[PDB]
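The form deposited in one PDB entry is given below as one chain in structure tokens.
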């Protein structure tokens, strides 16, 4: 990544073993559960495009997912090129293309130069945006259950049903009452409109 040193200047730092292992392990343990994406963003704090490719490329499984991610990246790269066309002068900074932002046709030194320029061109942040767009698509696709099929069981605790409900909703990206069981539904209808989730959970506890 690029970080501020002890004296304030922006400089490159190697991606740590800790960071590398943390990402690989969370993918192994959580697959494409929605919470993996906030973890990805935090672990890639200050990342260059090289760092972002490292993280994605260190993943061993899920190659269907990783190929879909490349497609999304290539769509975002193409749209960047459509909005930001480029036409170099000796010792001067060239303008980044889509593939340069994706770390494919740019060197680490060039990425550092764009990221630390004044004004800066935040190629790590632009690429992470594209990557997260792609990851969100995968999270949605690999969501195993529709929200329409999350219904409260006859003796399922309401808290457990609401957990299942908002877990599914998060992945998929009124109905809570409708999908409740008969006993809690009668209690929830009695509360009337504008009841908070807290109030609903308290009532069916």
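Positions refer to the first chain, counted from 1.
The discussion below concerns the form deposited with a small molecule bound, not included here.
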query	finding
The small molecule contact in the deposited bound form: residue 69, any heavy atom under 4.5 Å	yes
is_contact(residue 57, the small molecule) in the deposited bound form, heavy atom dist at most 4.5 Å	yes
Residue 53 within 4.5 Å of the small molecule in the deposited bound form, heavy atoms	yes
Touches the small molecule in the deposited bound form: residue 112 (any heavy atom, 4.5 Å)	no
